[PDB]
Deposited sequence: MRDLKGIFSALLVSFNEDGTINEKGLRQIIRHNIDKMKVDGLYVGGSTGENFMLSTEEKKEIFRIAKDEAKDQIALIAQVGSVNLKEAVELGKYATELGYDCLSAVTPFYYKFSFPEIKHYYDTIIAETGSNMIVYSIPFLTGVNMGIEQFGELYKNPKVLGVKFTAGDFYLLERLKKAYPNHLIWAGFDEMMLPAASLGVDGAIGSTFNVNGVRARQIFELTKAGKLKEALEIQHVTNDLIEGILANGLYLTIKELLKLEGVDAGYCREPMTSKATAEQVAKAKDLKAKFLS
């Protein structure tokens, strides 16, 4: 398959006021990422796409729209994990039939599942689809557990989201050919200093230019320039996080002419006047 290293925006989805998918808006978000953010790929169906608040058919529709819009221009990873393994299988087959390059799957949540159940979960998704897989968990999983998961050759690596840099170094050390995508945009530099292979992030939807610079500069050992860019990026992320992550990134998109729509409920769907004013301010100070 296609190279999966580098910069992947975790695709946001545009919703209408009633919560249905705004396909036109979604296509516009995709074009912005490919054409203007210059990403190496998209991670579709992740937490950033408001995946877990949608139906199975809704997830399928975004997968179809995203593939139809990006075609073969960029690499595409489909996040298909769920507490429902049958639905994870159904989505992984559908993504696979569409041509996604790889699957990703959150470890099953809500219940406290044991390691063997988690490993069976990933092995089943793999077996039923025939696709390669990128694992990840929500608030960890240690070196011994990664070794067991990595006994399946179709597990390519991990979307690392917890801020434990000793565990990140140990994983690269113990499983050096397995890939690591950093999931924390605001800690890209230190992640890249430990050799991650790429990054999957929500802020790359509007700050992809600087994210690629931090990455590439840090890999070149150009730390002082990389750090200046990480500092500006972090002022941007700090405002986005204080203002409302999802709504603020969609408002920033709308200021570039992307109809990024509303958020899906149970999330607050419409930005307040003050959230809107703050997004304009962030745009002015950092994306102008």
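Trainee: Tell me, which runs of residues in the deposited sequence have no coordinates at all?
Mentor: That part of the chain that was deposited but carries no coordinates is 140 to 144, and nothing else.
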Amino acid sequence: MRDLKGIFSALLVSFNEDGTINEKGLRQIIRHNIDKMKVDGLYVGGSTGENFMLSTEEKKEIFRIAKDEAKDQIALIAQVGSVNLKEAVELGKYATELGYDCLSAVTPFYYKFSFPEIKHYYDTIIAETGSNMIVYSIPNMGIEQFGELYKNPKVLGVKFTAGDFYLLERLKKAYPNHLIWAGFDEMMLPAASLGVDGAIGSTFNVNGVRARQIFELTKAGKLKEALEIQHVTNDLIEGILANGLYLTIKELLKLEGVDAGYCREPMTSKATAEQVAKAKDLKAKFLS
From here on, numbers count along this sequence of modelled residues.
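Basically, rigid core = biggest C-alpha set you can superpose within 1.5 Å across the two forms.
Trainee: Between 164 to 172 and 141 to 149, report the one with more C-alpha displacement in 5 other deposited structures of this protein relative to this form after a rigid core superposition.
Mentor: Comparing 164 to 172 with 141 to 149, the larger C-alpha deviation in 5 other deposited structures of this protein belongs to 141 to 149.
Trainee: Going by the average Cα B-factor in the PDB entry, point out whether 85 to 93 or 141 to 149 comes out higher.
Mentor: Here the higher of the two C-alpha B-factor means belongs to 141 to 149.
Trainee: Using only the Cα atoms and their B-factors as the entry lists them, report which of 7 to 15 and 264 to 272 averages higher.
Mentor: Stretch with the higher mean C-alpha B-factor: 264 to 272.
Trainee: Select one of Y110, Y100, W181, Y121: the residue whose C-alpha shows the highest B-factor in the crystal structure entry.
Mentor: Going by the entry's C-alpha B-factors, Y110 comes out highest.
Trainee: Among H32, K222, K59, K67, where is the Cα temperature factor highest, going by the PDB entry?
Mentor: Checking the PDB record, the top C-alpha B-factor among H32, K222, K59, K67 is at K222.
Trainee: Could you look up the Cα B-factor of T129 in the entry and say which third of the chain it sits in: lowest, middle or highest?
Mentor: It belongs to the middle third of the chain when residues are ordered by C-alpha B-factor.
Trainee: Once the chain's modelled residues are ordered by C-alpha B factor and cut into thirds, is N205 in the lowest, middle or highest one?
Mentor: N205: CA B-factor falls in the middle third of its chain.
Trainee: Based on the entry's values, in what third of the chain does the Cα temperature factor of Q213 lie: lowest, middle or highest?
Mentor: Middle third.
Trainee: Check where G244 lands among this chain's C-alpha B-factors and tell me if it's the lowest, middle or highest third.
Mentor: Its C-alpha B-factor, which the entry lists for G244, ranks in the highest third among residues of this chain.
Trainee: Looking at the entry's B-factor column for C-alpha atoms only, identify whether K173 ranks in the lowest, middle or highest third of its chain.
Mentor: Ranked within chain, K173 CA B lands in the highest tercile.
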